[PDB]
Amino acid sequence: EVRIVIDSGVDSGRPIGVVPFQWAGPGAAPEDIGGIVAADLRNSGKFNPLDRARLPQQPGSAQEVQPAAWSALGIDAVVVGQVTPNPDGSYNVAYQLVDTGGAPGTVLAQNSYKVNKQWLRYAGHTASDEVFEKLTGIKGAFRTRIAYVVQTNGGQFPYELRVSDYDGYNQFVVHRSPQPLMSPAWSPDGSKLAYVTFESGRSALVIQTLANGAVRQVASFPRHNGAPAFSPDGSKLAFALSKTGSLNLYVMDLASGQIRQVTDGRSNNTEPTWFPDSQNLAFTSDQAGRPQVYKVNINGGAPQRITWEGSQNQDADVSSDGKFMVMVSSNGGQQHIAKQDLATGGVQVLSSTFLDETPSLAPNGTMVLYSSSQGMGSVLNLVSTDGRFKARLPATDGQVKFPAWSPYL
């Protein structure tokens, strides 16, 4: 049961007031929405919400905010809100975002959501998203989920693909296997995961519908079938097959099931990632020797090398706006996550953990999920794309690897 633990991004970021929400009932609310909003904003690496012990007032409405009490603390916005019960057993979750700086008392954003109990965290996250986008201009990703593979020591089914919310809550098991699982990939609508399984004796590439567990067989040709990535327009799955004698890129039209070969080199070409136009891929090739990232249009033409950082680069994930990619960059016997601006070729190293691999970007481009090794096993790590915020999702029941960040949900 994963939870986020921050290592740094501590006690810094934009100061903000997030107030416990008011509760129209006896006892405590079914869920601490202000706690969620505070946690989300801090998890973004951009905000430092004031701790509960220090709140100068706990207004339960916008009208009750005293702006001067927050400007005295260099805090220019305050979140307040209310949770009320409905007769059908559902809840209303409402927030108001109140300017406490240059436009004191102005309500900058507000909303109300009707949800049942089991979707209270979801509502809290929607409130975080709106506050986040209003204050920073960047679309929120707090409603997202992550996929990942947990490997226990022993048992008949040591390998499990699982999904949880991005902050660890609401985990469920997608699939259990006696043999390794690789490389989960989300469809853009969030409804399906592609992954690789070796449970038949060799690799097979499948697409599972999450709501009902339905499985679509995509590819199990001799040798390897893996490295899936859904095109952002929903139309295609890119992947890699090595039936020809080395890994090469293919795309399948999801509607017809028709498979087309995209690369045909004698080198290995794998780990495809889509540019925003659903026509170009970045991907790993060893044609130059040590792995590097290349770029190819799926319709025709020779792949072009795009990386020159350090000695080796691979395993890339292009941002949802196409401006940058993150990748695994290897030098001096070490490998870390790096970010490359796709227009200038400039590179910034993000991480300093050990044996960094498989980076996945959040759908707003601000955060990276990836895996490293701590002691004898894999773990999950978070690092912002400016390299300043760093956290982990420590786990209880085994090694955790192969993370993939969902699209917006």
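From 1 onward, residues are counted along the sequence shown.
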Per the PDB entry, mean CA B-factor is higher for 355-363 or 337-345, namely for 337-345
Comparing mean C-alpha B factor in the record for 280-288 and 108-116, the higher one is 108-116
Identity of residue with top Cα B-factor, from 332, 213, 168, 85
332
Looking at the C-alpha B-factor values in the deposited entry, which of 393, 16, 400, 19 comes out highest?
393
When the deposited Cα B-factors of this chain's modelled residues are ordered and cut into thirds, is residue 224 in the lowest, the middle or the highest one?
lowest
Please say which third, lowest, middle or highest, residue 384 falls into when its CA temperature factor is compared across its chain.
lowest
Among modelled residues of the same chain, the CA temperature factor third for residue 378
middle
Would you mind checking where the Cα B-factor of residue 160 ranks among the modelled residues of its chain, as the lowest, middle or highest third?
middle
Residue 48: C-alpha B-factor third of its chain, per the entry, is the middle
